[PDB]
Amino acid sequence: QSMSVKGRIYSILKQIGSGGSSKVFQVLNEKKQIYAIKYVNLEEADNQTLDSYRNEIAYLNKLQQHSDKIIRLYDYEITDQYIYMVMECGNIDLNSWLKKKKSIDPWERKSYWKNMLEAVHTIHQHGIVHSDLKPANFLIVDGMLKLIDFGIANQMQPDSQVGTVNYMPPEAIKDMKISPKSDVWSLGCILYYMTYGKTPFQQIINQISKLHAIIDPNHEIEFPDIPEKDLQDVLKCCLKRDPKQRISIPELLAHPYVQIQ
């Protein structure tokens, strides 16, 4: 088929995903270059919703300059009916890539962590705490991870789901405060999965015994032993249940694990 964004024309190759009321497509331009265009339908969007979108769109536009661990946004068209965003295309998101993976080259892993750490640090420098990080927020592109979203009334799924609640930090649960250390807990959980093949509370079906466990210090998390003692440490340092005890992004960047060898 086909479509138009700011005059320029793109032919559709396939849909990649859906959610909210928005599709993401892979597409080709006039020069046969490949891109990803996200379409959002605003016909049922309240004013709040709409401001949240203008808000992420602006933050993404801005943070482009500051890191290449953020997804490139090349162009966009915005009206009262719809938004189109022309973006750089990934090969696969990280949730899907980790679903269909048997085990991880410990090098690839350290390299991904480096990427995650850079990207999340970046949004923190600009005032943003994501507070709902999952692997699905990360997209793989030339062997690099790039962060896709930041915080909106936002939801995506390829064609796992959302809410999930295995990356959720204690303080987000006690809230019924949130801060940068919240993004360390979630990043820790992701790294734990990339390390032990599951998330720390993954094997607790009952959604409520899971929430109770996350906030309960007497419930101790198992950190089985491994050749990379450092990796074991980082994990213990990210998964402190008290934010004040938890390590920080600038500290993680200086940590032996991402620095040594």
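We call the rigid core the largest set of C-alpha positions that still match within 1.5 Å between the two forms. The first residue of the shown sequence is 1; numbering continues from there.
With 11-19 and 247-255 as candidates, the stretch whose CA atoms show the greater average offset from this form in 8 other deposited structures of this protein after a core fit is 11-19. Superposing each structure in 8 other deposited structures of this protein on the rigid core shows that the farther-lying of 145-153 and 118-126, by root-mean-square Cα distance, is 145-153. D175 is built in all of the other entries compared, counting only those with both neighbours built, so it is not a gap in a third. Across the other entries compared, at least a third leave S160 without coordinates even though the residues on each side are present.
The modelled chain breaks after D159 and resumes at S160, leaving 4 to 9 residues of the deposited sequence without coordinates. The gap between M176 and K177 holds 10 or more unmodelled residues of the deposited sequence. Higher mean CA temperature factor, per the PDB entry, when comparing 112-120 with 165-173: 165-173. Mean CA B-factor, 52-60 versus 206-214: the higher value falls on 206-214. The top Cα temperature factor in the record, among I37, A45, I70, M194, falls on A45. Per the deposited record, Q155 carries the highest C-alpha B-factor of all listed residues (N137, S182, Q155, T79). Annotation for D142: CA B-factor lies in the middle third of the chain's modelled residues. Residue-level temperature factors show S103 in the highest third of its chain, judged at the C-alpha atom. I226 sits in the highest third of its chain by CA B factor, as recorded in the PDB entry.
Remark: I9 belongs to the highest third of its chain, ranked by C-alpha B-factor as recorded. Per the PDB record, residue ranking by Cα B-factor puts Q125 in the lowest third of the chain.
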